[PDB]
Structure formats: C-alpha cells, structure tokens
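Engineer: Take a look at entry-v7.cif, mmCIF, N, CA and C atoms:
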data_work
#
loop_
_atom_site.group_PDB
_atom_site.id
_atom_site.type_symbol
_atom_site.label_atom_id
_atom_site.label_comp_id
_atom_site.auth_asym_id
_atom_site.auth_seq_id
_atom_site.Cartn_x
_atom_site.Cartn_y
_atom_site.Cartn_z
ATOM 1 N N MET H 1 -2.739 2.585 -22.727
ATOM 2 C CA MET H 1 -3.991 1.983 -22.282
ATOM 3 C C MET H 1 -4.945 3.046 -21.745
ATOM 4 N N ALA H 2 -4.835 4.257 -22.279
ATOM 5 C CA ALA H 2 -5.688 5.360 -21.855
ATOM 6 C C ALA H 2 -5.446 5.710 -20.391
ATOM 7 N N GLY H 3 -4.179 5.712 -19.988
ATOM 8 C CA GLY H 3 -3.837 6.029 -18.614
ATOM 9 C C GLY H 3 -2.406 6.509 -18.469
ATOM 10 N N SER H 4 -2.238 7.707 -17.919
ATOM 11 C CA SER H 4 -0.912 8.282 -17.729
ATOM 12 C C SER H 4 -0.822 9.012 -16.394
ATOM 13 N N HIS H 5 0.354 8.961 -15.774
ATOM 14 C CA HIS H 5 0.572 9.618 -14.491
ATOM 15 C C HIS H 5 0.525 11.135 -14.643
ATOM 16 N N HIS H 6 0.844 11.616 -15.841
ATOM 17 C CA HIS H 6 0.837 13.048 -16.115
ATOM 18 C C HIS H 6 -0.532 13.653 -15.822
ATOM 19 N N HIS H 7 -1.573 12.832 -15.937
ATOM 20 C CA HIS H 7 -2.936 13.286 -15.684
ATOM 21 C C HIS H 7 -3.101 13.744 -14.239
ATOM 22 N N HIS H 8 -3.209 15.056 -14.047
ATOM 23 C CA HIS H 8 -3.378 15.623 -12.713
ATOM 24 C C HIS H 8 -4.250 16.873 -12.760
ATOM 25 N N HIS H 9 -5.206 16.958 -11.845
ATOM 26 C CA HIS H 9 -6.106 18.104 -11.782
ATOM 27 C C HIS H 9 -6.110 18.711 -10.382
ATOM 28 N N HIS H 10 -6.663 19.915 -10.266
ATOM 29 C CA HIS H 10 -6.730 20.604 -8.982
ATOM 30 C C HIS H 10 -7.790 19.976 -8.083
ATOM 31 N N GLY H 11 -7.494 19.904 -6.788
ATOM 32 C CA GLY H 11 -8.433 19.323 -5.845
ATOM 33 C C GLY H 11 -8.094 17.885 -5.503
ATOM 34 N N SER H 12 -6.841 17.505 -5.723
ATOM 35 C CA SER H 12 -6.393 16.147 -5.440
ATOM 36 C C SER H 12 -6.646 15.785 -3.980
ATOM 37 N N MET H 13 -6.989 14.524 -3.740
ATOM 38 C CA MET H 13 -7.257 14.048 -2.388
ATOM 39 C C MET H 13 -6.176 13.075 -1.929
ATOM 40 N N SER H 14 -6.129 12.822 -0.625
ATOM 41 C CA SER H 14 -5.140 11.912 -0.058
ATOM 42 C C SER H 14 -5.792 10.944 0.923
ATOM 43 N N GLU H 15 -5.599 9.650 0.685
ATOM 44 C CA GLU H 15 -6.170 8.622 1.547
ATOM 45 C C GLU H 15 -5.099 8.011 2.447
ATOM 46 N N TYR H 16 -5.466 6.951 3.157
ATOM 47 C CA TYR H 16 -4.539 6.275 4.057
ATOM 48 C C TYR H 16 -4.385 4.805 3.678
ATOM 49 N N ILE H 17 -3.316 4.184 4.166
ATOM 50 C CA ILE H 17 -3.053 2.779 3.881
ATOM 51 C C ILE H 17 -3.283 1.915 5.117
ATOM 52 N N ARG H 18 -4.156 0.923 4.984
ATOM 53 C CA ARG H 18 -4.465 0.024 6.090
ATOM 54 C C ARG H 18 -4.031 -1.404 5.774
ATOM 55 N N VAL H 19 -2.925 -1.828 6.375
ATOM 56 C CA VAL H 19 -2.400 -3.172 6.161
ATOM 57 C C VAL H 19 -1.756 -3.723 7.426
ATOM 58 N N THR H 20 -1.722 -5.046 7.541
ATOM 59 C CA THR H 20 -1.129 -5.697 8.701
ATOM 60 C C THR H 20 -0.122 -6.761 8.279
ATOM 61 N N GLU H 21 0.863 -7.013 9.137
ATOM 62 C CA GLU H 21 1.890 -8.007 8.851
ATOM 63 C C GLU H 21 1.353 -9.419 9.066
ATOM 64 N N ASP H 22 0.729 -9.640 10.217
ATOM 65 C CA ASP H 22 0.170 -10.946 10.547
ATOM 66 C C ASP H 22 -1.337 -10.970 10.308
ATOM 67 N N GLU H 23 -1.885 -12.167 10.139
ATOM 68 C CA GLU H 23 -3.316 -12.332 9.909
ATOM 69 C C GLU H 23 -4.095 -12.303 11.217
ATOM 70 N N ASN H 24 -3.460 -12.787 12.283
ATOM 71 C CA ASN H 24 -4.092 -12.827 13.596
ATOM 72 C C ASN H 24 -4.257 -11.420 14.162
ATOM 73 N N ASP H 25 -3.390 -10.509 13.733
ATOM 74 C CA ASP H 25 -3.442 -9.128 14.195
ATOM 75 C C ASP H 25 -4.439 -8.317 13.373
ATOM 76 N N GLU H 26 -4.554 -7.032 13.691
ATOM 77 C CA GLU H 26 -5.469 -6.143 12.986
ATOM 78 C C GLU H 26 -4.717 -5.213 12.040
ATOM 79 N N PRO H 27 -5.429 -4.681 11.038
ATOM 80 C CA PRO H 27 -4.848 -3.763 10.054
ATOM 81 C C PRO H 27 -4.507 -2.406 10.657
ATOM 82 N N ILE H 28 -3.214 -2.089 10.696
ATOM 83 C CA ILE H 28 -2.761 -0.818 11.250
ATOM 84 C C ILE H 28 -2.945 0.312 10.242
ATOM 85 N N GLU H 29 -3.347 1.477 10.738
ATOM 86 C CA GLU H 29 -3.561 2.638 9.883
ATOM 87 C C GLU H 29 -2.358 3.575 9.933
ATOM 88 N N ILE H 30 -1.736 3.792 8.779
ATOM 89 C CA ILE H 30 -0.574 4.667 8.690
ATOM 90 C C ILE H 30 -0.768 5.731 7.616
ATOM 91 N N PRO H 31 0.015 6.817 7.710
ATOM 92 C CA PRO H 31 -0.050 7.925 6.753
ATOM 93 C C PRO H 31 0.487 7.537 5.380
ATOM 94 N N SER H 32 0.030 8.242 4.349
ATOM 95 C CA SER H 32 0.462 7.968 2.985
ATOM 96 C C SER H 32 0.581 9.261 2.183
ATOM 97 N N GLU H 33 0.889 9.128 0.896
ATOM 98 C CA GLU H 33 1.033 10.284 0.021
ATOM 99 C C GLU H 33 -0.306 10.664 -0.605
ATOM 100 N N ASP H 34 -0.325 11.791 -1.307
ATOM 101 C CA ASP H 34 -1.542 12.266 -1.957
ATOM 102 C C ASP H 34 -1.799 11.503 -3.252
ATOM 103 N N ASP H 35 -0.724 11.152 -3.950
ATOM 104 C CA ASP H 35 -0.833 10.420 -5.207
ATOM 105 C C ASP H 35 -1.428 9.034 -4.978
ATOM 106 N N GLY H 36 -1.377 8.571 -3.732
ATOM 107 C CA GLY H 36 -1.914 7.263 -3.404
ATOM 108 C C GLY H 36 -0.848 6.306 -2.910
ATOM 109 N N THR H 37 0.414 6.675 -3.108
ATOM 110 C CA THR H 37 1.530 5.841 -2.681
ATOM 111 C C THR H 37 1.841 6.052 -1.204
ATOM 112 N N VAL H 38 2.920 5.431 -0.736
ATOM 113 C CA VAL H 38 3.327 5.553 0.658
ATOM 114 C C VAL H 38 4.841 5.686 0.779
ATOM 115 N N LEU H 39 5.284 6.744 1.449
ATOM 116 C CA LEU H 39 6.711 6.988 1.638
ATOM 117 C C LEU H 39 7.350 5.873 2.458
ATOM 118 N N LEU H 40 8.573 5.503 2.094
ATOM 119 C CA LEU H 40 9.296 4.450 2.798
ATOM 120 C C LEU H 40 9.507 4.821 4.263
ATOM 121 N N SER H 41 9.463 6.117 4.553
ATOM 122 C CA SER H 41 9.651 6.603 5.914
ATOM 123 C C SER H 41 8.527 6.115 6.823
ATOM 124 N N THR H 42 7.349 5.917 6.243
ATOM 125 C CA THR H 42 6.190 5.446 6.991
ATOM 126 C C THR H 42 6.147 3.927 7.058
ATOM 127 N N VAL H 43 6.675 3.283 6.020
ATOM 128 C CA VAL H 43 6.695 1.826 5.955
ATOM 129 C C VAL H 43 7.577 1.242 7.053
ATOM 130 N N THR H 44 8.709 1.889 7.303
ATOM 131 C CA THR H 44 9.641 1.444 8.332
ATOM 132 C C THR H 44 9.158 1.821 9.724
ATOM 133 N N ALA H 45 8.184 2.724 9.781
ATOM 134 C CA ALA H 45 7.633 3.176 11.053
ATOM 135 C C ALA H 45 6.948 2.031 11.788
ATOM 136 N N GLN H 46 6.120 1.281 11.069
ATOM 137 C CA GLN H 46 5.402 0.153 11.648
ATOM 138 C C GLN H 46 5.901 -1.170 11.084
ATOM 139 N N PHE H 47 6.522 -1.106 9.908
ATOM 140 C CA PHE H 47 7.042 -2.300 9.252
ATOM 141 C C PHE H 47 8.533 -2.155 8.960
ATOM 142 N N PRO H 48 9.355 -2.270 10.013
ATOM 143 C CA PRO H 48 10.812 -2.156 9.896
ATOM 144 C C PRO H 48 11.429 -3.340 9.160
ATOM 145 N N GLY H 49 12.264 -3.044 8.169
ATOM 146 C CA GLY H 49 12.908 -4.096 7.402
ATOM 147 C C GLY H 49 12.056 -4.572 6.242
ATOM 148 N N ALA H 50 10.804 -4.127 6.208
ATOM 149 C CA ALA H 50 9.886 -4.512 5.143
ATOM 150 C C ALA H 50 10.317 -3.917 3.806
ATOM 151 N N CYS H 51 10.984 -4.730 2.989
ATOM 152 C CA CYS H 51 11.449 -4.273 1.686
ATOM 153 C C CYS H 51 10.334 -4.350 0.648
ATOM 154 N N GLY H 52 9.593 -5.452 0.654
ATOM 155 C CA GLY H 52 8.505 -5.622 -0.288
ATOM 156 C C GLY H 52 7.216 -6.046 0.388
ATOM 157 N N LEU H 53 6.112 -5.408 0.006
ATOM 158 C CA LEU H 53 4.812 -5.732 0.586
ATOM 159 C C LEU H 53 3.876 -6.301 -0.475
ATOM 160 N N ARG H 54 3.261 -7.438 -0.161
ATOM 161 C CA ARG H 54 2.342 -8.091 -1.084
ATOM 162 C C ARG H 54 0.899 -7.929 -0.613
ATOM 163 N N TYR H 55 -0.043 -8.308 -1.469
ATOM 164 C CA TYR H 55 -1.460 -8.203 -1.142
ATOM 165 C C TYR H 55 -2.054 -9.578 -0.849
ATOM 166 N N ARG H 56 -2.686 -9.706 0.313
ATOM 167 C CA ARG H 56 -3.297 -10.966 0.715
ATOM 168 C C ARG H 56 -4.742 -10.753 1.159
ATOM 169 N N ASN H 57 -5.668 -11.433 0.490
ATOM 170 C CA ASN H 57 -7.085 -11.318 0.815
ATOM 171 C C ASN H 57 -7.767 -12.682 0.768
ATOM 172 N N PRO H 58 -8.308 -13.111 1.918
ATOM 173 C CA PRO H 58 -8.999 -14.399 2.035
ATOM 174 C C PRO H 58 -10.329 -14.413 1.289
ATOM 175 N N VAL H 59 -10.941 -13.241 1.159
ATOM 176 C CA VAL H 59 -12.219 -13.119 0.466
ATOM 177 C C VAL H 59 -12.015 -12.934 -1.033
ATOM 178 N N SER H 60 -10.887 -12.329 -1.401
ATOM 179 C CA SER H 60 -10.582 -12.093 -2.806
ATOM 180 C C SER H 60 -9.854 -13.286 -3.417
ATOM 181 N N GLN H 61 -9.138 -14.029 -2.582
ATOM 182 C CA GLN H 61 -8.402 -15.202 -3.040
ATOM 183 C C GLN H 61 -7.373 -14.823 -4.099
ATOM 184 N N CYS H 62 -6.976 -13.555 -4.104
ATOM 185 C CA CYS H 62 -5.997 -13.063 -5.068
ATOM 186 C C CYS H 62 -4.581 -13.190 -4.516
ATOM 187 N N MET H 63 -3.602 -12.757 -5.305
ATOM 188 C CA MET H 63 -2.205 -12.814 -4.889
ATOM 189 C C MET H 63 -1.443 -11.584 -5.365
ATOM 190 N N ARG H 64 -2.159 -10.478 -5.536
ATOM 191 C CA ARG H 64 -1.548 -9.234 -5.987
ATOM 192 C C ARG H 64 -0.406 -8.826 -5.062
ATOM 193 N N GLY H 65 0.269 -7.734 -5.410
ATOM 194 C CA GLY H 65 1.376 -7.256 -4.601
ATOM 195 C C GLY H 65 1.602 -5.766 -4.750
ATOM 196 N N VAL H 66 1.967 -5.111 -3.652
ATOM 197 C CA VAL H 66 2.215 -3.675 -3.664
ATOM 198 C C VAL H 66 3.454 -3.337 -4.486
ATOM 199 N N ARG H 67 3.336 -2.320 -5.333
ATOM 200 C CA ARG H 67 4.447 -1.896 -6.177
ATOM 201 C C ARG H 67 5.461 -1.085 -5.375
ATOM 202 N N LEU H 68 6.740 -1.341 -5.620
ATOM 203 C CA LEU H 68 7.809 -0.635 -4.921
ATOM 204 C C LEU H 68 8.718 0.093 -5.907
ATOM 205 N N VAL H 69 8.873 1.398 -5.709
ATOM 206 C CA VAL H 69 9.717 2.207 -6.579
ATOM 207 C C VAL H 69 10.334 3.374 -5.815
ATOM 208 N N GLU H 70 11.659 3.464 -5.852
ATOM 209 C CA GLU H 70 12.372 4.534 -5.163
ATOM 210 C C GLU H 70 12.053 4.526 -3.670
ATOM 211 N N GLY H 71 11.620 3.372 -3.170
ATOM 212 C CA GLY H 71 11.288 3.253 -1.763
ATOM 213 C C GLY H 71 9.821 3.526 -1.488
ATOM 214 N N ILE H 72 9.189 4.295 -2.368
ATOM 215 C CA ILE H 72 7.780 4.630 -2.215
ATOM 216 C C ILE H 72 6.888 3.516 -2.754
ATOM 217 N N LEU H 73 6.017 2.997 -1.896
ATOM 218 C CA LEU H 73 5.105 1.928 -2.284
ATOM 219 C C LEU H 73 3.880 2.489 -3.000
ATOM 220 N N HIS H 74 3.687 2.072 -4.247
ATOM 221 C CA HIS H 74 2.551 2.530 -5.039
ATOM 222 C C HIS H 74 1.364 1.585 -4.885
ATOM 223 N N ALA H 75 0.177 2.157 -4.708
ATOM 224 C CA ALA H 75 -1.036 1.365 -4.550
ATOM 225 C C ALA H 75 -1.661 1.041 -5.903
ATOM 226 N N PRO H 76 -2.512 0.004 -5.929
ATOM 227 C CA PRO H 76 -3.192 -0.431 -7.153
ATOM 228 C C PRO H 76 -4.247 0.569 -7.615
ATOM 229 N N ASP H 77 -5.016 0.185 -8.627
ATOM 230 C CA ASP H 77 -6.070 1.040 -9.162
ATOM 231 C C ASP H 77 -7.297 1.034 -8.259
ATOM 232 N N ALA H 78 -7.236 0.244 -7.192
ATOM 233 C CA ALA H 78 -8.345 0.141 -6.252
ATOM 234 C C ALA H 78 -8.031 0.869 -4.950
ATOM 235 N N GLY H 79 -6.753 0.891 -4.582
ATOM 236 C CA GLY H 79 -6.345 1.556 -3.359
ATOM 237 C C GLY H 79 -5.612 0.628 -2.411
ATOM 238 N N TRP H 80 -5.486 1.045 -1.157
ATOM 239 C CA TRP H 80 -4.800 0.242 -0.150
ATOM 240 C C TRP H 80 -5.751 -0.770 0.478
ATOM 241 N N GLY H 81 -6.824 -0.271 1.085
ATOM 242 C CA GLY H 81 -7.793 -1.148 1.716
ATOM 243 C C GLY H 81 -7.396 -1.529 3.129
ATOM 244 N N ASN H 82 -7.999 -2.596 3.642
ATOM 245 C CA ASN H 82 -7.707 -3.064 4.993
ATOM 246 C C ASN H 82 -7.306 -4.536 4.985
ATOM 247 N N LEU H 83 -6.561 -4.935 3.959
ATOM 248 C CA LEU H 83 -6.112 -6.316 3.832
ATOM 249 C C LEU H 83 -4.791 -6.529 4.565
ATOM 250 N N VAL H 84 -4.241 -7.733 4.446
ATOM 251 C CA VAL H 84 -2.977 -8.063 5.094
ATOM 252 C C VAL H 84 -1.825 -8.045 4.096
ATOM 253 N N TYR H 85 -0.709 -7.449 4.500
ATOM 254 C CA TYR H 85 0.465 -7.362 3.641
ATOM 255 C C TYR H 85 1.519 -8.387 4.050
ATOM 256 N N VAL H 86 2.247 -8.903 3.065
ATOM 257 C CA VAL H 86 3.287 -9.893 3.321
ATOM 258 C C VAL H 86 4.675 -9.281 3.165
ATOM 259 N N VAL H 87 5.532 -9.512 4.154
ATOM 260 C CA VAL H 87 6.891 -8.986 4.127
ATOM 261 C C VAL H 87 7.804 -9.865 3.280
ATOM 262 N N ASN H 88 8.575 -9.236 2.400
ATOM 263 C CA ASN H 88 9.493 -9.961 1.529
ATOM 264 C C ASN H 88 10.757 -9.147 1.273
ATOM 265 N N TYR H 89 11.898 -9.829 1.246
ATOM 266 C CA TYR H 89 13.176 -9.170 1.012
ATOM 267 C C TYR H 89 14.236 -10.176 0.572
#
Show this structure as structure tokens.

Structural biologist:
Amino acid sequence: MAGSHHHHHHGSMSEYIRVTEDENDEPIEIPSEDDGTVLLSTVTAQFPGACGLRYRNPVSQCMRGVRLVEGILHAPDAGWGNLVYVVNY
C-alpha cells in the first residue's frame, strides 16, 4: 500500500504519548520511542497491568485501538494524541 517500515531517513523525531485510563481524569504525559511507539516499561509506569490499550474519543466517535507487539505499543498513522485509553487483558 505504498508504505513500509524500512523507510527511514536521517533527522528522525520523537514525540510523546498522552492518554488516560479514566474519562473523569486528565491525559497523563509519558515518554515514548522515536519510531512513534511506546516501550512496555513506560506503559507499566503509569498503567500497571495494562496489557492492551484502546482508543476512545467522544468527538471522533471512533473505536480504534493501540497496536501491541513485543510489549511495545505502536501508534496509528495520526499519532498518540490526548485521548483516553481503555485497559484490556
């Protein structure tokens, strides 16, 4: 689909992941990887026991979900954002 992970150039940037467990609470800011994913070491830092994280947006009305591989959570083609994540296991 004209897209491969092999595609990498010099000057790569690294963003952060902003997600919250509850809706009443606020989106916590945690460290992430340069590729855009997030190490499981950081997920357990604020989200202990969180095996799977989903995407929840009241304005988007979507039901997307964060990708999980080798423990590292991969972000979508849009990024992390400041939405709420759902814990699943």

Engineer: To test your reading of the syntax: which residues would the PyMOL selection byres (((chain H and resi 62-72 and name CA) around 12) and name CA) return for the file shown? Reply as an MDAnalysis selection string.

Structural biologist: chainID H and resid 17 19 32:33 35:44 49:61 73:81 83:89

Engineer: To one decimal in Å, tell me the separation between CA of residue 26 in chain H and CA of residue 82 in chain H.

Structural biologist: 8.9 Å

Engineer: Please extract the residues of range 26-66 of chain H with a backbone DSSP assignment of alpha helix (DSSP H) and present them as a PyMOL selection string.

Structural biologist: chain H and resi 40-46

Engineer: By how many Å are atom N of residue 47 in chain H and atom N of residue 29 in chain H apart?

Structural biologist: 10.2 Å

Engineer: Please measure the separation of atom N of residue 27 in chain H and atom N of residue 46 in chain H, giving the value in Å to one decimal.

Structural biologist: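 If I compute the distance from atom N of residue 27 in chain H to atom N of residue 46 in chain H, I get 13.0 Å.
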
Engineer: Would you list, as a list in words, the residues of chain H that end up in strand (DSSP E) under DSSP run on this structure's backbone?

Structural biologist: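 Of chain H, only residues 17, 18, 19, 28, 29, 30, 52, 53, 54, 55, 56, 67, 68, 69, 72, 73, 74, 84, 85, 86, 87 and 88 of chain H fall in strand (DSSP E).
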
Engineer: Please report, as AutoDock Vina command-line options, the centre and edge lengths in Å to one decimal of an axis-aligned box covering all listed atoms of range 37-46 of chain H with 4 Å per side.

Structural biologist:
--center_x 5.0 --center_y 2.9 --center_z 4.3 --size_x 17.2 --size_y 16.2 --size_z 22.9

Engineer: In file coordinates, which residues lie within 8 Å of (-3.4, 14.9, -1.0) using only C-alpha atoms, given as a count of residues only?

Structural biologist: 7
